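Structure first, then comments.
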Amino acid sequence: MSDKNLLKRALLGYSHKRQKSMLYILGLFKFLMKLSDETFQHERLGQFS
Amino acid sequence: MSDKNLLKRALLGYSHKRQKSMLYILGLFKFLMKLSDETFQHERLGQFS
Amino acid sequence: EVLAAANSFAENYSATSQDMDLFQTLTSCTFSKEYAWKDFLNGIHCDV
Amino acid sequence: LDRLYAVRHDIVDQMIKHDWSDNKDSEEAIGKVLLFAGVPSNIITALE
Amino acid sequence: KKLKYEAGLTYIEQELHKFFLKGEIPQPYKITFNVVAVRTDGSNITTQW
Amino acid sequence: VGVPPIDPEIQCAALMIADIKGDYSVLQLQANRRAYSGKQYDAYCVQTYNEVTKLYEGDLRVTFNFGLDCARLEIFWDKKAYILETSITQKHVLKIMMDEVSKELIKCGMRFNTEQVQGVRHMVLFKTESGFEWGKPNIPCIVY
């Protein structure tokens with residue numbers, strides 16, 4: 001849930017005003033997703049979110 | 001400009017804090033927007049309200 | 001009468017996603033030049 | 001000896017000022033730096 | 001010097017950040033702070049500077 | 001439209017234009033702008049090769065030319081010190097610069113002056129995992 005809260009805060013910050021420190025967090029999350037989409041897809045299914 | 005500053009302040013007060021007074025001011029603004037209807041007032045480019 | 005009707009409408013106003021999107025679009029894109037000039041005026045120091 | 005330490009601190013400040021090449025002969029207060037940063041005066045009074 | 005100055009400047013930084021959240025300033029203000037203590041022999045100065 | 005300037009493949013794109021298209025225009029442009037290579041030795045600097053030490057002796061001044069940029073290297077044998085100045089900031093080009101400089105120094109009998117520091121406040125050259133970069137390194141690494 002910490003990652004979910006961080007992503008929610010980053011998207012909230014990206015709106016209203018378009019800063020760079022929050023788009024940095026968005027890019028970090030996108031990099032994490034790119035790393036994740038290189039292995040079995042069923043790993044994300046089940047277990048910790 | 002006074003209206004635009006008031007609208008920005010009300011929106012950024014309602015955000016980051018789910019206040020009531022800011023919601024009241026936004027309701028006033030929406031009432032105005034409804035009032036702008038019921039006529040046509042074509043509003044060509046350069047005068048967009 | 002208009003003021004009273006405005007109060008009646010605004011007291012019971014409920015937030016809407018479309019209305020919030022419109023207000024965000026205005027205050028972030030439409031009135032951008034005006035707020036830029038406002039920030040210009042605010043962030044200037046004058047010494048006598 | 002107090003004059004000696006004053007001279008010591010003076011040189012240890014001068015050479016780092018020269019390294020930064022920020023021609024600030026007289027050190028100023030934090031409020032002055034904020035006002036030089038484009039901060040509004042009214043919000044400075046509010047934070048005061 | 002660290003404790004006192006970083007306490008004050010962190011207070012100022014958080015005040016300015018939440019004032020940006022309130023929505024007057026266009027950009028948040030970032031503060032940084034460092035202290036270099038030259039030894040009385042002038043040996044570690046090159047390491048620090 | 002030409003080729004956008006990206007260091008690791010500008011020469012490669014020039015090779016493309018020469019080979020598949022058939023016109024050696026981009027190769028000529030690259031040679032004019034950022035490709036000279038070679039080792040331009042100073043006329044007044046004479047080096048004598050001693051076979052006993054298998055090393056050269058005598059003052060050396062070399063101006064490496066790599067197009068619009070030049071690198072000047074002077075060796076003071078009395079002080080056993082070297083001074084290198086250049087205007088190249090790209091990755092593999094600058095890599096070739098200190099590669100050639102290190103080769104010249106090795107042929108001259110000394111090596112580079114490298115310092116491991118946790119941070120430099122001044123505008124210097126530092127080696128990283130990705131290679132060599134000019135600027136102020138904030139990470140503990142090797143600074144030439």
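Residues in the structure tokens are numbered from 1 in each chain, the chains being A, B, ... in the order shown, and ligands are numbered from 1 in the order shown.
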Superposition RMSD [C-alpha atoms, order-paired], chain B onto chain A = 2.1 Å
Set out as CSV a contact list for chain D and chain E with a cut-off of 10 Å, giving each residue of chain D that qualifies its closest atom pair and distance in Å to one decimal, counting only C-alpha atoms, ordered by chain and rising residue number.
```
residue,atom,partner,partner_atom,distance
D:8,CA,E:40,CA,9.9
D:9,CA,E:38,CA,9.9
D:12,CA,E:38,CA,8.3
D:16,CA,E:49,CA,8.6
D:19,CA,E:49,CA,9.6
D:30,CA,E:9,CA,9.3
D:34,CA,E:29,CA,9.7
D:37,CA,E:29,CA,9.0
D:38,CA,E:25,CA,9.7
D:39,CA,E:25,CA,8.0
D:40,CA,E:25,CA,8.3
D:43,CA,E:19,CA,8.8
D:44,CA,E:16,CA,9.8
D:47,CA,E:15,CA,7.7
```
How about saving the chosen residues, N, CA, C and O atoms kept, as a short mmCIF file (atom, residue, chain, number, x, y, z; two decimals), in the first residue's frame?
```
data_model
loop_
_atom_site.label_atom_id
_atom_site.label_comp_id
_atom_site.auth_asym_id
_atom_site.auth_seq_id
_atom_site.Cartn_x
_atom_site.Cartn_y
_atom_site.Cartn_z
N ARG D 8 41.65 35.00 10.98
CA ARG D 8 41.58 33.62 10.51
C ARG D 8 40.23 33.32 9.88
O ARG D 8 40.15 32.82 8.75
N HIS D 9 39.14 33.63 10.59
CA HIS D 9 37.82 33.41 10.03
C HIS D 9 37.58 34.26 8.79
O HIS D 9 36.90 33.82 7.86
N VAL D 12 39.24 32.44 5.94
CA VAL D 12 38.54 31.19 5.65
C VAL D 12 37.16 31.45 5.06
O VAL D 12 36.56 30.55 4.46
N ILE D 16 36.57 30.90 0.30
CA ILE D 16 35.42 30.15 -0.18
C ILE D 16 34.47 31.06 -0.95
O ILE D 16 33.82 30.61 -1.91
N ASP D 19 36.09 31.10 -4.25
CA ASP D 19 35.84 29.83 -4.92
C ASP D 19 34.44 29.80 -5.53
O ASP D 19 34.26 29.37 -6.67
N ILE D 30 18.62 35.90 6.64
CA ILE D 30 17.85 34.90 5.89
C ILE D 30 16.66 35.55 5.20
O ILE D 30 16.33 35.21 4.06
N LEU D 34 15.55 35.34 1.25
CA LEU D 34 14.23 34.95 0.77
C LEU D 34 13.65 36.03 -0.13
O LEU D 34 13.14 35.74 -1.22
N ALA D 37 15.01 35.88 -3.35
CA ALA D 37 14.59 34.69 -4.07
C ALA D 37 13.26 34.87 -4.78
O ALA D 37 12.77 33.91 -5.38
N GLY D 38 12.67 36.06 -4.73
CA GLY D 38 11.37 36.27 -5.33
C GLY D 38 10.21 35.89 -4.44
O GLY D 38 9.10 35.71 -4.94
N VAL D 39 10.43 35.75 -3.14
CA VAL D 39 9.34 35.40 -2.23
C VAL D 39 8.49 36.63 -1.97
O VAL D 39 9.02 37.76 -1.95
N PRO D 40 7.17 36.49 -1.85
CA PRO D 40 6.34 37.66 -1.50
C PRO D 40 6.63 38.14 -0.09
O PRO D 40 6.93 37.36 0.81
N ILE D 43 3.77 37.02 2.58
CA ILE D 43 3.85 35.67 3.14
C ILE D 43 5.01 35.58 4.11
O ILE D 43 4.98 34.77 5.05
N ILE D 44 6.04 36.40 3.93
CA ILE D 44 7.11 36.50 4.92
C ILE D 44 6.56 37.04 6.24
O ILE D 44 6.86 36.52 7.31
N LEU D 47 4.53 34.22 7.82
CA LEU D 47 5.38 33.22 8.45
C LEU D 47 6.10 33.77 9.67
O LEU D 47 6.50 32.99 10.54
#
```
For the contact check between chain C and chain B, emit one row per residue of chain C within 8 Å, containing the shortest atom pair and the distance in Å rounded to one decimal, counting only C-alpha atoms, chain then rising number order, as a Markdown table.
```
| residue | atom | partner | partner_atom | distance |
| --- | --- | --- | --- | --- |
| C:6 | CA | B:28 | CA | 6.2 |
| C:7 | CA | B:28 | CA | 7.4 |
| C:9 | CA | B:31 | CA | 6.7 |
| C:10 | CA | B:27 | CA | 4.3 |
| C:11 | CA | B:24 | CA | 6.2 |
| C:13 | CA | B:27 | CA | 5.4 |
| C:14 | CA | B:27 | CA | 7.9 |
| C:15 | CA | B:23 | CA | 7.6 |
| C:23 | CA | B:11 | CA | 7.3 |
| C:24 | CA | B:11 | CA | 7.6 |
| C:27 | CA | B:8 | CA | 5.7 |
| C:31 | CA | B:4 | CA | 7.2 |
| C:34 | CA | B:1 | CA | 7.2 |
| C:35 | CA | B:5 | CA | 7.8 |
```
Give me, as a PDB file with C-alpha atoms, in the first residue's frame, the residues of chain F touching chain E, with the criterion being at most 10 Å (counting only C-alpha atoms).
```
ATOM      1  CA  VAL F 117      37.967  11.455  -3.971  1.00  0.00           C
ATOM      2  CA  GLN F 118      34.427  11.500  -2.599  1.00  0.00           C
ATOM      3  CA  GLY F 119      33.612  14.785  -4.349  1.00  0.00           C
ATOM      4  CA  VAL F 120      35.146  17.718  -6.231  1.00  0.00           C
ATOM      5  CA  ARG F 121      33.814  21.269  -5.982  1.00  0.00           C
ATOM      6  CA  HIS F 122      35.765  22.361  -9.083  1.00  0.00           C
TER       7      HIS F 122
END
```
Could you list, as an MDAnalysis selection string, every residue of chain E that has an atom within 7 Å of an atom of chain B, counting only C-alpha atoms?
-> chainID E and resid 21:23
Near-residue 48 in chain B list (12 Å; only C-alpha atoms; drop same-chain fewer than 6 positions) as an NGL selection string = (:B and (36 or 41-42)) or (:C and (26 or 30-31))
Find, counting only C-alpha atoms, the residue in D:20, D:46, D:11, D:4 that gets nearest to chain F.
->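 Nearest candidate to chain F out of D:20, D:46, D:11, D:4: D:20.
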Shell around residue 53 in chain F at 12 Å using only C-alpha atoms, local window under 3 positions removed, as a ChimeraX atom specification = /F:48-50,56-57,107-109
